[PDB]
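Beneath this line is the structure, given in structure tokens, with notes to follow.
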Amino acid sequence: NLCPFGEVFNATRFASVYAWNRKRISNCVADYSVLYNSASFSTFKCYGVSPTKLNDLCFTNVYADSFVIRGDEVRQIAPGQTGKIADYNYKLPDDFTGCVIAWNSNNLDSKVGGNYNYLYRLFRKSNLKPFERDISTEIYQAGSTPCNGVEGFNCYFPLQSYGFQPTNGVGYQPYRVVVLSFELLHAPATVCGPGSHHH
Amino acid sequence: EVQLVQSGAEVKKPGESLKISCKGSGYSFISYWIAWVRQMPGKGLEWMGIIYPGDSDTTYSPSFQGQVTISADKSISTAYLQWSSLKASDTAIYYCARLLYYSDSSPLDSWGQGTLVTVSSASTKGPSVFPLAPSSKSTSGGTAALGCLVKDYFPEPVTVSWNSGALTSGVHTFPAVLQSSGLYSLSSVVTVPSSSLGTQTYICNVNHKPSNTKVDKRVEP
Amino acid sequence: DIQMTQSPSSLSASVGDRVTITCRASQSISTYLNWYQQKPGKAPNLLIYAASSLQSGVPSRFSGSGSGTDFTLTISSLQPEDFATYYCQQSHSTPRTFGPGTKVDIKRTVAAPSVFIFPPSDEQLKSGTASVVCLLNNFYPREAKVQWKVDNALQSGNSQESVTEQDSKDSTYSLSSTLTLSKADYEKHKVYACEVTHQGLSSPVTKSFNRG
Ligand SMILES: *[C@@H]1O[C@H](CO)[C@@H](O[C@@H]2O[C@H](CO)[C@@H](O[C@@H]3O[C@H](CO)[C@@H](O)[C@H](O)[C@@H]3O)[C@H](O)[C@H]2NC(C)=O)[C@H](O)[C@H]1NC(C)=O
């Protein structure tokens with residue numbers, strides 16, 4: 001049962017980075033090098049592993065996190081980084097064991113006049129934990145006076161929409177991202193590679 | 001189906017340790033903070049503290065700091081509440097709850113069903129069943145009152161019926177109270193017409209499974 | 001600690017009524033305020049967060065408003081499922097704190113309690129303790145007071161009471177108060193009484209007996 005990787009990488013709709021969704025993958029065989037070779041990938045780094053080696057390995061469970069950002073921010077989807085995305089939207093742990101997959105989707109998530117549906121958290125009073133997810137739309141109190149709901153000075157709606165237009169620069173164009181994380185518990189491994197000892 | 005399920009009721013003695021659990025499913029357990037809330041008998045809600053399962057970072061309420069330990073085990077999607085020495089004042093219901101998110105109103109959008117913790121020095125003990133005898137004259141008219149006093153038992157589960165299951169109308173079995181002795185006391189009563197005091201007999205059927213006790217008690221004026 | 005207050009502490013309402021409950025904070029909390037519902041034997045359920053955001057799955061008849069120190073929960077048309085206790089909870093400061101809750105019982109005509117007093121049983125007296133019971137039957141509203149008198153001397157810290165939940169058929173309450181002494185001091189007095197006050201009683205009523 002080769003897993004539904006196409007269910008995630010080929011999903012017609014992707015989430016905003018602030019409300020990134022996670023797909024638990026389990027009970028299947030994973031052909032990671034076939035995923036590598038499906039190509040059209042501008043970023044494909046693995047931390048602590050190699051694709052070729054890991055489709056000989058198995059793990060307890062695998063998780064696929066997907067969302068949209070833009071080109072200049074994919075660097076933030078790496079361990080130990082800072083910035084609006086890593087600090088306020090999607091944070092990876094320093095001991096990350098997985099791969100980060102990203103590819104330009106300007107042909108799909110941009111439109112003439114701008115696609116404002118993709119959002120990202122602009123303000124947050126503390127940085128996120130690794131793999132924490134905060135979807136709060138409450139107005140952000142940037143100063144010492146309370147907002148009492150109303151938008152006003154020092155009181156901002158916390159989410160900003162990307163201005164995705166087909167004519168933006170490489171760094172301001174949409175990029176779909178998928179982060180695979182490999183969970184090895186002291187428990188039966190149910191996501192194996194074709195070349196593992198299990199198959 | 002986001003759900004939190006807590007472990008079952010607990011009956012301990014002062015000075016003992018206790019650990020209770022809260023298992024979460026239907027979502028990414030490491031990605032949301034978990035709160036613990038106390039509700040003492042007949043009281044409201046108290047925020048005890050919070051924990052982030054991803055790394056077990058905890059922030060306690062000052063009232064509970066150093067009085068209890070919040071921990072987690074992400075490998076089995078579980079959060080814990082733990083005491084090293086229980087006190088009678090710890091008798092209460094404890095809930096775990098997920099925070100929709102950490103910032104701003106930080107609302108508790110999904111709760112576990114609660115874990116009742118009872119701290120008492122007493123051991124399993126069957127009840128004493130005493131009559132609450134009516135004194136109303138049978139021909140006086142109006143209503144008469146009649147009951148049974150179920151005293152000094154432990155643990156909590158006790159059931160009482162009247163004339164087997166035949167008498168149910170006008171019955172009020174009250175919630176048990178925990179006496180200063182660490183033993184429960186309960187009263188069951190029924191109101192009946194004064195006239196009927198002269199024709200029908202009344203027997204309460206008290207059942208206490210923990211001590212395998214079954215007592216039938218007639219109540220006469 | 002921010003202190004949360006709710007008014008009224010108890011509310012009688014009928015199906016179809018528009019009900020409003022208020023919450024007050026001892027200092028401003030912007031709109032970092034949540035509302036929860038709790039029914040006996042159950043765990044709370046989130047109704048409103050951030051003062052006015054309706055939790056998904058919650059019926060539209062619930063709504064929240066307010067800011068700073070004043071907040072209100074409104075139910076447009078009270079339904080049978082809505083009789084319960086409602087708590088507010090501030091999230092402006094740590095520690096988080098809840099209001100004491102406001103129970104919303106079913107409205108009914110006022111009914112005065114039938115009161116009955118029960119002396120200790122001879123069996124119990126053999127064991128060295130005496131339990132005098134006072135019973136308040138089928139009253140509405142919930143508020144009632146029982147004071148034990150022994151030879152016209154009022155008792156304190158001497159009794160425990162317990163109240164039933166609102167009855168399903170007649171929507172009344174019932175209450176049991178248990179005064180307990182030892183055989184010794186029980187045998188030292190003659191008359192035992194419980195005085196009951198209730199909105200349905202024009203003047204306090206006393207049931208009593210003399211051991212003999
Ligand atoms: C997402 O969707 C794309 C497009 O459907 C997938 O591209 C697919 O890539 C595989 C090889 O990795 C192709 O399989 C081979 O294609 C040749 C075509 O000549 C065929 O003769 C071979 O027998 C074999 O089928 C597949 O055709 C191709 N799909 C299409 C319709 O072009 C991509 O792999 C998907 N990504 C994931 C992770 O699912």
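Just follow the structure's listing: the first ligand is 1, and inside any ligand the first atom is 1. Letters A, B, ... mirror the listed sequences (proteins, then strands); counts begin at 1. The basis for the numbers below is simple: all heavy atoms, side chains too, and nothing from hydrogens, waters or symmetry mates.
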For atom 23 (O) of ligand 1, is some protein heavy-atom partner under 4.0 Å away?
no
With distance as the sole criterion, is a donor-acceptor pair present between the side chains of A:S110 and A:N168 under 3.5 Å?
no
Please assess C:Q89 against C:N34 for the test side-chain hydrogen bond (donor to acceptor under 3.5 Å, both in side chains), listing each intermediate value before the final yes or no.
CA-CA 5 Å; C:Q89 178 251 308; C:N34 307 315; 3.0 Å; yes
Looking at atom 38 (C) of ligand 1, what's its closest protein heavy atom, distance included?
A:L35 CD1, 3.6 Å
May I ask whether atom 33 (C) of ligand 1 is less than 4.0 Å from at least one protein heavy atom?
yes
Among B:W33, B:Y102, B:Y101, find the residue that satisfies the ring-ring contact (aromatic ring centres under 6.0 Å, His included) test when tested with B:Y52.
B:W33
Starting from atom 36 (N) of ligand 1, which protein heavy atom do you reach first, and at what distance in Å?
A:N10 ND2, 3.1 Å
Does a side chain donor of either A:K84 or A:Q76 reach within less than 3.5 Å of an acceptor in the other side chain?
no
Is atom 4 (C) of ligand 1 in close reach of the protein, with a heavy atom under 4.0 Å away?
no
Are B:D104 and A:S136 linked by a side-chain donor-acceptor pair shorter than 3.5 Å?
yes
Between A:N21 and A:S66, is any side-chain donor less than 3.5 angstrom from a side-chain acceptor?
yes
Which residue holds the protein heavy atom closest to atom 11 (C) of ligand 1, what is that atom called, and what is the gap in Å?
A:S38 OG, 4.9 Å
Atom 8 (C) of ligand 1 touched by protein heavy atom at under 4.0 Å:
no
To the nearest 0.1 Å, how far is atom 39 (O) of ligand 1 from its closest protein heavy atom, and which atom is that?
A:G6 CA, 3.0 Å
